[PDB]
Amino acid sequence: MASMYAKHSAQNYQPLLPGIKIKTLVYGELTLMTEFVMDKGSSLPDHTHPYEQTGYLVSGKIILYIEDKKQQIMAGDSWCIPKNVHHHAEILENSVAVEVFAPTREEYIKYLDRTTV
């Protein structure tokens, strides 16, 4: 029930997968926003979570896989993945992506940058 603000910082990024760093920026009662720093050559494995995922690529170049379909993602592109839909990605260059989850993905709250507000 309280609003928060997060300043851009290259620190407090926690390791999630080989070449993938994660950091929860802000969250509320219905959303949660994370930032992914993905190195060239890394990938996100296939997952199905009960959270809708809408994202935005800040920089870089990735390939997003939804079901069996593939789409090349560049700076400025966006996407929206519904609940329980198979999705994975392959990172072609050093990329940065912002991802929002609905509802509040409580397992990602532990990735808070500790600063916030």
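One-based numbering along the sequence shown.
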query	finding
Lowest, middle or highest third - CA B-factor, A10	highest
For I66, the third of its chain into which the C-alpha B factor falls	highest
Entry-reported Cα temperature factor of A97, expressed as the chain third it lands in	lowest
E52 CA temperature factor, ranked by third within the chain	middle
Chain-relative CA temperature factor third for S59	lowest
